[PDB]
file structure_29.txt (compact mmCIF, C-alpha atoms and all ligand atoms)
# COMPACT_ATOMS: atom_id res chain seq x y z
CA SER A 1 0.00 0.00 0.00
CA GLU A 2 2.22 2.81 1.30
CA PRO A 3 6.02 2.46 0.88
CA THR A 4 8.52 2.82 3.70
CA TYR A 5 11.92 4.46 3.47
CA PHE A 6 15.30 4.05 5.13
CA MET A 7 18.07 6.63 5.25
CA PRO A 8 21.47 4.98 5.71
CA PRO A 9 23.79 6.59 8.26
CA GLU A 10 26.77 8.52 6.91
CA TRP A 11 29.17 5.77 7.99
CA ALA A 12 27.37 3.11 5.92
CA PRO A 13 29.19 1.96 2.74
CA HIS A 14 29.20 4.57 -0.04
CA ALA A 15 28.88 4.13 -3.78
CA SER A 16 30.26 7.67 -4.11
CA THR A 17 30.41 11.17 -2.64
CA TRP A 18 28.85 14.14 -4.41
CA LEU A 19 30.22 17.67 -4.69
CA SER A 20 29.09 20.86 -6.42
CA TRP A 21 32.19 22.62 -7.75
CA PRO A 22 32.45 26.24 -6.49
CA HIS A 23 31.83 29.24 -8.73
CA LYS A 24 29.59 31.62 -6.77
CA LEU A 25 31.93 34.54 -6.00
CA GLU A 26 29.23 35.94 -3.69
CA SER A 27 29.64 32.96 -1.36
CA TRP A 28 33.22 33.99 -0.55
CA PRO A 29 33.05 37.79 -1.11
CA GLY A 30 36.50 39.22 -1.70
CA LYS A 31 38.36 35.95 -1.20
CA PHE A 32 37.27 33.35 -3.74
CA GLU A 33 40.68 32.59 -5.28
CA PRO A 34 41.76 30.08 -2.59
CA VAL A 35 38.44 28.19 -2.63
CA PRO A 36 38.84 26.05 -5.79
CA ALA A 37 42.09 24.60 -4.45
CA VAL A 38 40.33 23.50 -1.26
CA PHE A 39 37.74 21.62 -3.30
CA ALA A 40 40.55 20.01 -5.29
CA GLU A 41 42.15 18.85 -2.04
CA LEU A 42 38.80 17.52 -0.83
CA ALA A 43 38.07 15.76 -4.12
CA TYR A 44 41.54 14.21 -4.06
CA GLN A 45 41.18 12.88 -0.53
CA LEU A 46 37.75 11.51 -1.43
CA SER A 47 39.09 9.86 -4.59
CA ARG A 48 41.44 7.81 -2.41
CA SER A 49 38.36 6.24 -0.84
CA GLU A 50 35.60 6.08 -3.43
CA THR A 51 34.02 7.49 -6.58
CA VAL A 52 33.62 11.27 -6.58
CA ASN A 53 30.74 12.77 -8.57
CA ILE A 54 31.21 16.48 -9.24
CA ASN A 55 28.60 18.91 -10.55
CA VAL A 56 29.93 21.54 -12.95
CA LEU A 57 28.18 24.13 -15.14
CA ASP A 58 30.16 23.61 -18.33
CA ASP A 59 33.24 22.10 -19.96
CA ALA A 60 35.38 25.10 -18.98
CA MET A 61 34.68 24.48 -15.30
CA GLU A 62 35.51 20.78 -15.63
CA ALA A 63 38.87 21.69 -17.17
CA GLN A 64 39.67 24.09 -14.32
CA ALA A 65 38.83 21.39 -11.80
CA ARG A 66 40.93 18.79 -13.61
CA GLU A 67 43.90 21.16 -13.63
CA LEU A 68 43.73 21.77 -9.88
CA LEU A 69 43.27 18.05 -9.29
CA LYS A 70 46.41 17.40 -11.34
CA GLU A 71 48.38 19.36 -8.73
CA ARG A 72 47.07 16.99 -6.06
CA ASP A 73 47.34 13.88 -8.26
CA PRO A 74 50.06 14.57 -10.89
CA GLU A 75 49.93 11.01 -12.25
CA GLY A 76 46.15 10.71 -12.08
CA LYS A 77 46.30 7.61 -9.90
CA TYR A 78 42.65 8.07 -8.93
CA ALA A 79 41.55 10.13 -11.93
CA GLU A 80 39.10 7.46 -13.13
CA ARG A 81 37.26 7.77 -9.82
CA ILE A 82 36.40 11.44 -10.34
CA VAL A 83 33.35 11.72 -12.59
CA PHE A 84 32.01 15.09 -13.77
CA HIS A 85 28.37 15.85 -14.44
CA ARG A 86 27.01 18.84 -16.31
CA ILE A 87 24.49 19.83 -13.65
CA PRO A 88 23.88 23.54 -12.94
CA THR A 89 24.20 24.81 -9.38
CA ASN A 90 23.86 28.20 -7.71
CA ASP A 91 26.01 27.42 -4.66
CA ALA A 92 28.39 24.65 -3.53
CA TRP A 93 26.40 23.47 -0.49
CA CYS A 94 25.75 19.96 -1.81
CA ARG A 95 24.96 18.78 1.72
CA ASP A 96 21.90 21.03 1.84
CA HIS A 97 20.64 21.02 -1.78
CA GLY A 98 22.16 17.67 -2.77
CA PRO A 99 20.70 14.17 -3.32
CA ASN A 100 19.19 12.71 -0.15
CA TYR A 101 19.41 9.03 -1.08
CA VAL A 102 17.09 6.64 0.75
CA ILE A 103 16.17 2.98 0.29
CA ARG A 104 12.52 2.44 -0.64
CA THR A 105 10.68 -0.73 0.35
CA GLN A 106 7.31 -1.59 -1.17
CA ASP A 107 5.61 -4.91 -1.91
CA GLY A 108 8.73 -6.80 -0.88
CA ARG A 109 10.98 -4.96 -3.32
CA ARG A 110 13.83 -2.62 -2.43
CA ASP A 111 15.36 0.11 -4.58
CA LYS A 112 17.47 3.22 -4.20
CA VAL A 113 15.65 6.49 -4.79
CA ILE A 114 16.35 10.17 -4.21
CA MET A 115 14.19 11.91 -1.62
CA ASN A 116 13.81 15.42 -2.98
CA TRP A 117 13.17 18.05 -0.29
CA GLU A 118 12.78 21.74 -1.07
CA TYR A 119 15.67 24.18 -0.78
CA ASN A 120 15.37 27.92 -0.21
CA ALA A 121 18.92 29.14 0.50
CA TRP A 122 18.76 28.80 4.28
CA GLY A 123 15.52 30.76 4.65
CA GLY A 124 15.85 32.96 1.58
CA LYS A 125 19.21 34.54 2.40
CA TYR A 126 20.62 33.97 -1.08
CA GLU A 127 19.24 34.08 -4.64
CA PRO A 128 18.65 32.58 -7.03
CA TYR A 129 18.47 28.98 -5.83
CA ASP A 130 16.37 27.27 -8.50
CA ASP A 131 19.28 25.25 -9.88
CA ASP A 132 20.36 24.12 -6.40
CA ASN A 133 16.77 23.06 -5.75
CA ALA A 134 16.87 21.06 -9.01
CA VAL A 135 20.12 19.21 -8.25
CA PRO A 136 18.40 16.11 -6.80
CA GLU A 137 16.29 15.74 -9.95
CA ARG A 138 19.23 16.12 -12.32
CA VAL A 139 21.23 13.63 -10.25
CA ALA A 140 18.32 11.16 -10.33
CA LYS A 141 18.15 11.65 -14.09
CA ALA A 142 21.88 11.09 -14.53
CA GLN A 143 21.83 7.89 -12.47
CA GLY A 144 18.45 6.68 -13.70
CA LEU A 145 16.98 6.63 -10.20
CA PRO A 146 13.37 7.30 -9.18
CA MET A 147 12.74 10.55 -7.30
CA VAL A 148 10.11 11.27 -4.66
CA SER A 149 9.31 14.88 -3.74
CA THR A 150 8.16 15.98 -0.27
CA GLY A 151 7.30 19.62 -0.93
CA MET A 152 8.90 20.52 2.41
CA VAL A 153 12.04 22.61 2.87
CA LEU A 154 14.85 20.60 4.46
CA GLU A 155 18.64 20.81 4.28
CA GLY A 156 20.74 17.70 4.76
CA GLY A 157 22.98 19.62 7.14
CA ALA A 158 20.02 20.25 9.44
CA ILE A 159 19.53 16.57 10.25
CA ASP A 160 21.73 13.64 11.32
CA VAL A 161 20.60 10.02 11.60
CA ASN A 162 21.95 7.01 13.51
CA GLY A 163 20.74 4.62 10.81
CA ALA A 164 18.47 2.76 13.20
CA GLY A 165 15.52 5.06 13.78
CA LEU A 166 16.97 8.14 15.46
CA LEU A 167 17.27 11.57 13.87
CA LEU A 168 19.09 14.47 15.53
CA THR A 169 18.18 18.05 14.63
CA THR A 170 17.77 21.53 16.12
CA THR A 171 14.76 23.60 17.08
CA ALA A 172 16.65 26.69 15.95
CA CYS A 173 16.64 25.48 12.35
CA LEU A 174 13.72 23.11 11.75
CA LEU A 175 11.31 25.29 13.70
CA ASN A 176 12.46 28.60 12.22
CA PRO A 177 9.48 30.22 10.43
CA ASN A 178 11.72 31.02 7.46
CA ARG A 179 11.84 27.37 6.39
CA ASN A 180 8.28 26.00 6.38
CA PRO A 181 5.98 28.89 7.44
CA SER A 182 2.80 26.82 7.19
CA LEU A 183 4.09 23.80 9.12
CA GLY A 184 4.29 23.09 12.82
CA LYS A 185 6.46 20.69 14.81
CA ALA A 186 3.99 17.80 14.59
CA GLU A 187 3.68 18.09 10.80
CA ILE A 188 7.45 18.33 10.38
CA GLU A 189 8.02 15.19 12.46
CA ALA A 190 5.30 13.43 10.48
CA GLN A 191 7.13 14.18 7.23
CA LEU A 192 10.46 13.00 8.65
CA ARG A 193 8.84 9.74 9.76
CA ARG A 194 7.06 9.34 6.43
CA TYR A 195 9.91 10.12 4.04
CA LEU A 196 12.98 9.09 6.05
CA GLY A 197 11.41 6.22 7.96
CA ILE A 198 12.75 7.37 11.32
CA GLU A 199 11.03 6.62 14.64
CA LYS A 200 12.30 9.22 17.11
CA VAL A 201 13.31 12.83 16.56
CA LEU A 202 15.78 14.30 19.03
CA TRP A 203 15.46 18.08 19.18
CA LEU A 204 18.54 20.01 20.28
CA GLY A 205 18.43 23.77 20.83
CA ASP A 206 20.48 26.64 19.42
CA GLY A 207 23.50 26.42 17.15
CA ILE A 208 26.87 28.20 17.08
CA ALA A 209 27.92 31.79 16.43
CA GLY A 210 28.37 33.26 12.95
CA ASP A 211 26.11 30.56 11.52
CA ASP A 212 23.87 31.69 8.63
CA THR A 213 21.92 28.42 8.53
CA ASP A 214 20.01 29.33 11.70
CA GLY A 215 21.53 26.53 13.76
CA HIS A 216 22.46 23.55 11.57
CA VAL A 217 23.06 20.49 13.70
CA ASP A 218 26.03 19.51 11.53
CA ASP A 219 28.05 22.38 13.01
CA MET A 220 27.52 21.00 16.52
CA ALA A 221 26.45 17.37 17.06
CA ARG A 222 26.81 14.20 14.98
CA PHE A 223 26.08 10.49 15.33
CA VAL A 224 29.32 8.46 15.03
CA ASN A 225 27.67 5.09 15.62
CA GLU A 226 24.27 3.63 16.53
CA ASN A 227 24.32 4.89 20.12
CA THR A 228 27.06 7.52 20.21
CA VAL A 229 26.86 11.25 19.56
CA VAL A 230 29.86 13.55 19.33
CA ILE A 231 29.17 17.13 20.33
CA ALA A 232 31.34 20.22 20.24
CA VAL A 233 31.89 21.72 23.66
CA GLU A 234 33.45 25.11 24.35
CA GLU A 235 35.46 25.38 27.56
CA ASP A 236 35.92 29.16 27.60
CA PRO A 237 33.09 30.56 29.79
CA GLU A 238 33.49 33.94 28.06
CA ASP A 239 33.07 32.60 24.53
CA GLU A 240 29.73 33.14 22.79
CA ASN A 241 29.28 29.41 22.13
CA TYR A 242 29.83 28.40 25.75
CA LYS A 243 26.19 28.62 26.84
CA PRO A 244 24.54 27.12 23.70
CA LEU A 245 26.91 24.16 23.60
CA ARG A 246 26.57 23.57 27.35
CA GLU A 247 22.78 23.47 27.17
CA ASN A 248 22.88 20.99 24.30
CA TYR A 249 25.51 18.80 25.96
CA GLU A 250 23.43 18.55 29.13
CA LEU A 251 20.34 17.89 27.01
CA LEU A 252 22.10 15.05 25.18
CA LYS A 253 23.03 13.54 28.53
CA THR A 254 19.30 13.03 29.20
CA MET A 255 18.41 11.69 25.74
CA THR A 256 17.98 7.98 25.07
CA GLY A 257 17.77 5.55 22.19
CA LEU A 258 14.69 3.55 21.26
CA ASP A 259 15.68 1.07 23.99
CA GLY A 260 15.44 3.82 26.59
CA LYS A 261 19.18 3.51 27.23
CA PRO A 262 21.30 6.67 27.59
CA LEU A 263 23.21 7.65 24.47
CA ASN A 264 27.00 7.75 24.74
CA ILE A 265 28.21 11.35 24.50
CA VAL A 266 31.72 12.12 23.25
CA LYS A 267 33.00 15.68 23.65
CA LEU A 268 34.74 17.43 20.77
CA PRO A 269 36.64 20.70 21.09
CA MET A 270 35.58 23.85 19.24
CA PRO A 271 38.12 25.55 16.98
CA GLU A 272 39.77 28.65 18.41
CA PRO A 273 37.75 31.70 17.26
CA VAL A 274 37.93 32.35 13.50
CA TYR A 275 37.25 35.81 12.08
CA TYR A 276 37.40 37.62 8.73
CA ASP A 277 36.30 41.15 7.85
CA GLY A 278 35.68 41.53 11.58
CA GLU A 279 32.98 38.86 11.52
CA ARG A 280 32.84 35.64 13.54
CA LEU A 281 32.83 32.59 11.25
CA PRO A 282 31.04 29.28 12.08
CA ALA A 283 34.19 27.17 12.29
CA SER A 284 33.49 23.73 13.78
CA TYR A 285 35.14 20.32 13.83
CA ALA A 286 31.68 18.74 13.90
CA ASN A 287 31.40 19.65 10.22
CA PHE A 288 33.46 16.60 9.26
CA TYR A 289 32.56 14.06 6.58
CA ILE A 290 32.67 10.28 6.95
CA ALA A 291 33.88 8.54 3.76
CA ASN A 292 34.53 4.82 3.18
CA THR A 293 38.22 4.76 4.10
CA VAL A 294 38.74 8.21 5.57
CA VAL A 295 37.13 10.86 7.73
CA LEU A 296 37.80 14.40 6.54
CA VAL A 297 37.90 17.00 9.29
CA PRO A 298 38.02 20.76 8.73
CA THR A 299 40.99 22.39 10.48
CA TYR A 300 41.57 26.02 11.44
CA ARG A 301 45.29 26.51 12.03
CA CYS A 302 45.25 26.10 15.82
CA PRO A 303 46.36 23.58 18.48
CA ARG A 304 42.84 22.22 18.80
CA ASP A 305 42.99 20.75 15.27
CA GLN A 306 45.04 17.72 16.30
CA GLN A 307 42.83 17.23 19.37
CA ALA A 308 39.69 17.01 17.24
CA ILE A 309 41.40 14.66 14.79
CA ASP A 310 42.57 12.31 17.56
CA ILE A 311 39.11 12.16 19.10
CA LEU A 312 37.50 11.41 15.74
CA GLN A 313 40.21 8.83 15.04
CA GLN A 314 39.09 7.11 18.25
CA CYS A 315 35.48 7.16 17.01
CA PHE A 316 36.46 5.68 13.63
CA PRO A 317 39.42 3.34 14.31
CA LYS A 318 38.98 1.54 10.98
CA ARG A 319 39.39 4.74 8.94
CA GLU A 320 42.15 7.30 8.41
CA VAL A 321 41.21 10.68 9.90
CA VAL A 322 42.63 13.45 7.71
CA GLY A 323 42.51 17.19 8.24
CA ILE A 324 41.82 19.71 5.49
CA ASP A 325 42.56 23.38 6.17
CA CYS A 326 39.28 25.24 5.88
CA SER A 327 40.54 28.65 7.00
CA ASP A 328 39.43 30.08 3.66
CA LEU A 329 36.56 27.72 2.89
CA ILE A 330 34.77 28.72 6.11
CA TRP A 331 34.37 32.29 4.80
CA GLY A 332 31.58 30.66 2.78
CA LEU A 333 29.97 29.90 6.16
CA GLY A 334 30.18 26.13 5.73
CA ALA A 335 32.93 23.49 5.62
CA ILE A 336 33.60 19.86 4.59
CA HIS A 337 30.27 18.36 5.67
CA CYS A 338 28.40 21.25 4.05
CA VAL A 339 29.99 20.75 0.63
CA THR A 340 29.52 16.98 0.47
CA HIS A 341 26.75 14.42 0.25
CA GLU A 342 27.24 10.72 0.35
CA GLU A 343 25.57 8.27 -1.99
CA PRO A 344 24.95 5.09 -0.01
CA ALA A 345 25.60 1.76 -1.78
CA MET A 346 22.52 -0.47 -1.76
CA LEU A 347 23.23 -4.18 -2.01
CA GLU A 348 20.74 -5.65 -4.50
CA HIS A 349 20.61 -9.08 -2.82
CA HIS A 350 19.03 -8.34 0.56
CA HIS A 351 18.75 -11.99 1.60
CA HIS A 352 22.51 -12.30 1.16
CA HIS A 353 23.23 -9.16 3.19
CL CL A 401 35.64 3.18 11.49
NA NA A 402 14.95 20.19 -4.17

call {"tool": "encode", "arguments": {"input": "structure_29.txt", "output": "structure tokens", "more": "lines below"}}
Ligand SMILES: [Cl-]
Ligand code: NA
result
Amino acid sequence: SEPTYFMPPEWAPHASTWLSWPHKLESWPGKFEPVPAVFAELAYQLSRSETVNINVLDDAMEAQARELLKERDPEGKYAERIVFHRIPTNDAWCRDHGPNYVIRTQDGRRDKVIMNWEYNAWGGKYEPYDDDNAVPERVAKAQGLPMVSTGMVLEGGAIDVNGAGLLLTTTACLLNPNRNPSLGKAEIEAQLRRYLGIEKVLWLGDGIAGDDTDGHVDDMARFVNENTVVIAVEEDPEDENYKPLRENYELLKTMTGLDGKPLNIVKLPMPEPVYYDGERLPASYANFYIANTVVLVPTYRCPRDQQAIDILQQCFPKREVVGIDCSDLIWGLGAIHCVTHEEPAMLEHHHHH
């Protein structure tokens, strides 16, 4: 009758990782030049682990990307793994406008589909965003996958799942009137249950400073395994993020899984304050990306970088935790997790796996 869906956790096996090559000068006003190189570094690291699908506007852009990638991979050892797609984009925030892959189950059959949510540039802060909003459909077309549309605004960076029924989010973002004016909390949860197949929504509070997404959870807390959440915690009582992070840490310490058992909470440091043009930037180690063989963590040229990497290495002992300097990328108000979106690999023979 009615199908059910399943959203694999970020640590589940990937078929690939998607990226939207940067080109919007307005995203990094006055300092765009360093950005392309960061994406090349990211694409290179990802190509060591799995296929990398990159959205570009035209052949000229693809050439520019290939040149920068050649500096990272002079011999093209992993060149075959980087596949370009002529898919228009307005911004590079693939995490938020990108393909939200889910596994659909209906009448005993399972298939991979793209769950298309609406995108409105974090509450209408940027424009235009029609191409970003169309990315999921063009990806589905390119891969020949079915697409289901929800009609509700939702960014991938605003949610985080444990792959077993739990979904972590923030009231600051999902309940902000600038996203879904006509919807209330009950309706929003109903849609998350319906289209993502989750069972329990865990609502955290406010996000971090300098954040233009109105509190994305992916700049603060993330599931690392079925019952463990890593959360950034500021130790400087005078820092603006001290209070918000403290409230959410204490809240997490009272949250439980479906079994009613307390979730394991791992503390992560916050980067030392990052500024540009006299403005606080939303730098956070929680904005890391889990790939098949590596975990890519944004770093901000400070002694806390190695601390965050070591903690994440403990959380993912089977992977190589690698840092990528995001000192310039963060001027775009997002980092590694924000510019990526995994494509989970669905095994066709369910009885075998
Ligand atoms: Cl691991
Ligand atoms: Na969309």

call {"tool": "residues_near_ligand", "arguments": {"input": "structure_29.txt", "ligand": "ligand NA 402 (chain A)", "cutoff": "7 Å", "atoms": "all atoms listed in the file", "output": "list in words"}}
result
residues 97, 116, 117, 118, 119, 133, 134, 135 and 136 of chain A

call {"tool": "atom_distance", "arguments": {"input": "structure_29.txt", "atom1": "CA of residue 164 in chain A", "atom2": "CA of residue 228 in chain A"}}
result
12.1 Å

call {"tool": "closest_residue", "arguments": {"input": "structure_29.txt", "among": "A:13, A:30, A:207, A:74", "to": "ligand CL 401 (chain A)", "atoms": "only C-alpha atoms and all ligand atoms"}}
result
A:13

call {"tool": "residues_near_ligand", "arguments": {"input": "structure_29.txt", "ligand": "ligand CL 401 (chain A)", "cutoff": "10 Å", "atoms": "only C-alpha atoms and all ligand atoms", "output": "tab-separated table (two decimals) with C-alpha atoms, in the frame of the given file"}}
result
chain	number	residue	atom	x	y	z
A	11	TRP	CA	29.17	5.77	7.99
A	12	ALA	CA	27.37	3.11	5.92
A	224	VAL	CA	29.32	8.46	15.03
A	225	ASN	CA	27.67	5.09	15.62
A	290	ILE	CA	32.67	10.28	6.95
A	291	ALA	CA	33.88	8.54	3.76
A	292	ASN	CA	34.53	4.82	3.18
A	293	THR	CA	38.22	4.76	4.10
A	294	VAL	CA	38.74	8.21	5.57
A	295	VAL	CA	37.13	10.86	7.73
A	312	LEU	CA	37.50	11.41	15.74
A	313	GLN	CA	40.21	8.83	15.04
A	314	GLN	CA	39.09	7.11	18.25
A	315	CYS	CA	35.48	7.16	17.01
A	316	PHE	CA	36.46	5.68	13.63
A	317	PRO	CA	39.42	3.34	14.31
A	318	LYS	CA	38.98	1.54	10.98
A	319	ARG	CA	39.39	4.74	8.94
A	320	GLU	CA	42.15	7.30	8.41
A	321	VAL	CA	41.21	10.68	9.90

call {"tool": "closest_residue", "arguments": {"input": "structure_29.txt", "among": "A:184, A:215, A:22, A:205", "to": "residue 251 in chain A", "atoms": "only C-alpha atoms"}}
result
A:205

call {"tool": "closest_residue", "arguments": {"input": "structure_29.txt", "among": "A:71, A:211, A:310, A:342", "to": "residue 281 in chain A", "atoms": "only C-alpha atoms"}}
result
A:211

call {"tool": "closest_residue", "arguments": {"input": "structure_29.txt", "among": "A:170, A:299, A:254, A:162", "to": "residue 226 in chain A", "atoms": "all atoms listed in the file"}}
result
A:162

call {"tool": "residues_near_point", "arguments": {"input": "structure_29.txt", "point": "(25.8, 11.8, 21.5)", "cutoff": "6 Å", "atoms": "only C-alpha atoms", "output": "compact mmCIF listing (two decimals) with C-alpha atoms, in the frame of the given file"}}
result
# COMPACT_ATOMS: atom_id res chain seq x y z
CA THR A 228 27.06 7.52 20.21
CA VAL A 229 26.86 11.25 19.56
CA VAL A 230 29.86 13.55 19.33
CA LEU A 263 23.21 7.65 24.47
CA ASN A 264 27.00 7.75 24.74
CA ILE A 265 28.21 11.35 24.50
